[PDB]
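Read off the chains here:
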Amino acid sequence: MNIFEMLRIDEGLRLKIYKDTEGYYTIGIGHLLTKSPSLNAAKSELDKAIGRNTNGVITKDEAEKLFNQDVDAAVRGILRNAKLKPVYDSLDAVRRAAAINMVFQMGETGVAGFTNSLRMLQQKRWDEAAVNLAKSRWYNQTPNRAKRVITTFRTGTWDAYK
Ligand SMILES: [Cl-]
Ligand SMILES: [Cl-]
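Enquirer: Before we go on, may I ask you to explain the packing of helix α1 (residues 3–11) against helix α10 (residues 143–155) in this structure?
Expert: What describes two packed helices is the angle between their axes and the distance between those same axes. Between α1 and α10, whose axes approach to 10 Å, the crossing angle comes to 155 degrees. With respect to α10, the axis of α1 lies roughly antiparallel. Classified by chirality, the crossing of α10 by α1 is right-handed. Where α1 approaches α10, its residues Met 6, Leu 7, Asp 10 and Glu 11 are matched on the opposing element by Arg 145, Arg 148, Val 149 and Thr 152. Taken together, the residues of the contact of α1 with α10 break down into 3 nonpolar, 1 polar and 4 charged.

Here it is, written out as structure tokens:
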């Protein structure tokens, strides 16, 4: 198991524009297009992302190409962020994957809001960080996904994904 397989499980794959769990136009493997309520706005963001006239539909290669860019962008967003980077550097490889999953889903700024959790993660107080991570809109809106990521942070294993 690795970050790509983890995110592929949590996000799924859809080859046509769909609304994510918040109601936002999305495509592929969790690639958010726009928060605007306009499907035309989504279609135009999509053509721009892919570099051709898609009419709301993409291929698997194309979905997987966006996914690669989004994973890379998430990693690079952690390393450039002064609150996230030291926590990430402190973590082992499995728990690093959990951090990237979070940034991927909610963005670098959203995760950097988990100040107390981030500090407990840096100190390797895993049960405590797991409890605190769950006191969140994130956990309450997407509890099954949030439970899998939390378990990953708690145990440093892939058990929640097997
Ligand atoms: Cl893009
Ligand atoms: Cl969920």
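Additional details are given in the paragraphs that follow.
Enquirer: Sorry, what's going on with the environment of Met 6 here?
Expert: You can see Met 6 is positioned in helix α1. Residues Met 6 and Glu 22, 16 residues apart in the sequence, show an inter-C-alpha distance of 20 Å. When sequence neighbours within four positions are dropped, the list of residues in contact with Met 6 reads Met 1, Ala 97, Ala 98, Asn 101, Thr 152, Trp 158 and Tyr 161.

Enquirer: Which parts of the structure should I look at to understand the UniProt feature "binding site: substrate" in the chain?
Expert: If you check UniProt for "binding site: substrate", the listed places come out as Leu 32, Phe 104, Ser 117 and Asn 132 in our numbering. What stands out for the annotated residues spanning 101 residues is how far apart their C-alpha atoms range, the widest pair being 27.0 Å apart. Checked against the lining of the largest cavity, the annotated residues reduce to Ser 117. Mapping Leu 32 onto the fold places it in strand β3 (residues 31–34). Residue contacts for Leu 32: discarding those within four places in its chain leaves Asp 20, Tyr 24, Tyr 25 and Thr 26. Among the secondary structure elements, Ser 117 is positioned in helix α7 (residues 115–122). Overall, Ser 117 belongs to the buried group, its relative accessible area being 1%.

Rules behind the numbers
- Residues numbered from 1 in each chain as written, not as in the entry; some residues may be left out.
- Chains lettered and ligands numbered in written order.
- Heavy atoms only, no water.
- Axes fitted to C-alpha atoms, helices over the stretch in contact; angles between N-to-C directions.
- Helix = DSSP H or I, 4+ residues; strand = E, 2+ residues; numbered from the N terminus.
- Parallel < 35°, antiparallel > 145°, perpendicular 65-115°, else oblique.
- Left-handed = near helix turned anticlockwise from the far one by under 90°.
- Contact = heavy atoms within 4.5 Å.
- Nonpolar A, V, L, I, M, F, W, Y, C, P; charged D, E, K, R; others polar.
- UniProt positions renumbered as here; feature names shortened; annotations may be inferred.
- 1 Å grid on protein atoms, 1.4 Å probe; cavity = no way out; pocket = protein on both sides within 12 Å on 5 of 7 lines; lining within 4 Å.
- Buried < 20%, exposed > 50% of the residue type's maximum accessible area, 1.4 Å probe, protein only.

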